[PDB]
């Protein structure tokens, strides 16, 4: 999985979208696997986390911060912040201005990485991107 090759142009496209100020606080939801096979969850998420940190100078909400915030919210420790409600409530508790969603779908050897940037304030999807994950 060339996560990088798939993820850098998307992060780049998102950085150029109006409404995305860089250097702001961003909640990076971890990559959701909807392929027909097992994918290394956090291998992707970390590549993502690095792509977003380096490019566009984004302040990412940290893993520990995420953990403690879900606890303070009463959510399960392994809870994924998949539902928007749970994602803003978490986002508000931390300092986040944007929640980033991302999913890998289709065939386990030809996934379609999709991506949406949610404006925490209003909950509107202001940007969306999709790109194949090559090898």
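Residue numbers count along the first chain shown, from 1.
- Look at the mean CA B-factor for 39-47 and for 25-33 in the entry; the higher one is 39-47.
- Higher average CA B factor: 50-58, of the stretches 50-58 and 105-113.
- Per the deposited coordinates, the residue with the largest Cα temperature factor out of 76, 93, 67, 83 is 83.
- Split the chain's modelled residues into thirds by C-alpha temperature factor. Residue 10 is in the middle one.
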